[PDB]
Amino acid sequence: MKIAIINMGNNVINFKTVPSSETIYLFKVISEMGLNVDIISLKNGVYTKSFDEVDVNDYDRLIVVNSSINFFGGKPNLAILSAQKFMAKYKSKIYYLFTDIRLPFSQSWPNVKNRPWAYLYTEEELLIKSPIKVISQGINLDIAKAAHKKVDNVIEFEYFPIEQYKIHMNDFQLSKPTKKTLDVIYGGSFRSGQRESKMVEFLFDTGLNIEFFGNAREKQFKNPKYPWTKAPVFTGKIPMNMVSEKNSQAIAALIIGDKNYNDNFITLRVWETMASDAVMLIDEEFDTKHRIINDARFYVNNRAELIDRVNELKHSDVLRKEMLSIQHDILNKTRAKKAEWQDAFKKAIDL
């Protein structure tokens, strides 16, 4: 059994970028199941073999991490063109890891074709004809299908909590008690404003010491519909392998998602947050049935509620400690099922 994993639109090198981190992690946890896997990317590296030096068809399984098809500057993007060309040569089933509802697989030829540099490529190089199997992070396959409604070789869908991988790594450990410097914290990107309203609500104009790490920038929040005066402290991005330690700097860490993450997705940050020394607080709308934890104290409806809950968490260590003890318990139960998870994942890639 020879397994190849690749990121469709992002180069893979180390933990600098997130897409690069997800691919290496996915690479690791799969190797940890006792499988021989390679990461194919743009060049040879510590963790990667080059697309130009490997016969894609020497792999019994081709796993592909989801990405958009973004020709920045209206210019050719080597990351996307090289992986698709690679996928295009494969003749066996392709397993697409759909972890971001906004990153459904789609052919790039239709796009390249109508570009002024179409003459640089051809349909025979870019068109991916192999049958594709979508492995949705969301249990609601109906939505998964709809996101891939326009692609015909996508003929198989299956739910599987891909993003539980962090808590199932071999070296995984919950964070230790940490000296606090913040009341609330949140890590991530602007995600094209799909959460601008939620970010402003829970992180802007609160009076608390809030920090928003990640690639998001203060100047990106300019929608008059969601005005602000006092913004949280914007610090840049940090390696993915450190996120949970970063959250641990605050009393609490916010959980918010897009419109279609609500009661459908249980994202990675949920585990990264739940794993930290930061009391996890979820936006009510994100999980309206409280499926994550059967304890209303972990849920906030608005700014005022978040502000009340954070203040009551500082006002009392018995409460903060209790809530950190509970969430850690919920996580540790899910970790008890590692084998079960590993099993459904193999069966997910037909093993």
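Sequential numbering from 1, following the sequence displayed. Throughout, rigid core stands for the largest set of C-alpha atoms superposing within 1.5 Å between the two forms.
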After core superposition, the stretch with larger RMS C-alpha deviation in 8 other deposited structures of this protein, comparing 330-338 and 12-20, is 12-20
Comparing 162-170 with 126-134, larger root-mean-square C-alpha distance from this form in 8 other deposited structures of this protein, core superposed, belongs to 126-134
Other PDB entries, at least a third, lacking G257:
no
| query | Do at least a third of the other entries of this protein fail to model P177? | reply | no
Ranked by mean Cα B-factor in the entry, 78-86 and 222-230, top stretch is 222-230
Between 160-168 and 147-155, the record assigns the higher mean Cα B factor to 147-155
For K49, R297, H315, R61, the deposited C-alpha B-factor is largest at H315
Per the deposited entry, the peak Cα B-factor within the set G207, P110, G138, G214 goes to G138
Split the chain's modelled residues into thirds by Cα B-factor; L319 lands in the highest
Chain thirds by Cα B factor, record data; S244 belongs to the lowest
Binned into thirds over the chain's modelled residues, the C-alpha B-factor of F265 lands in the highest
Among the modelled residues of its chain, the C-alpha B-factor of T178 falls in the third labelled lowest
Of the three thirds of the chain ranked by Cα temperature factor, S197 occupies the highest
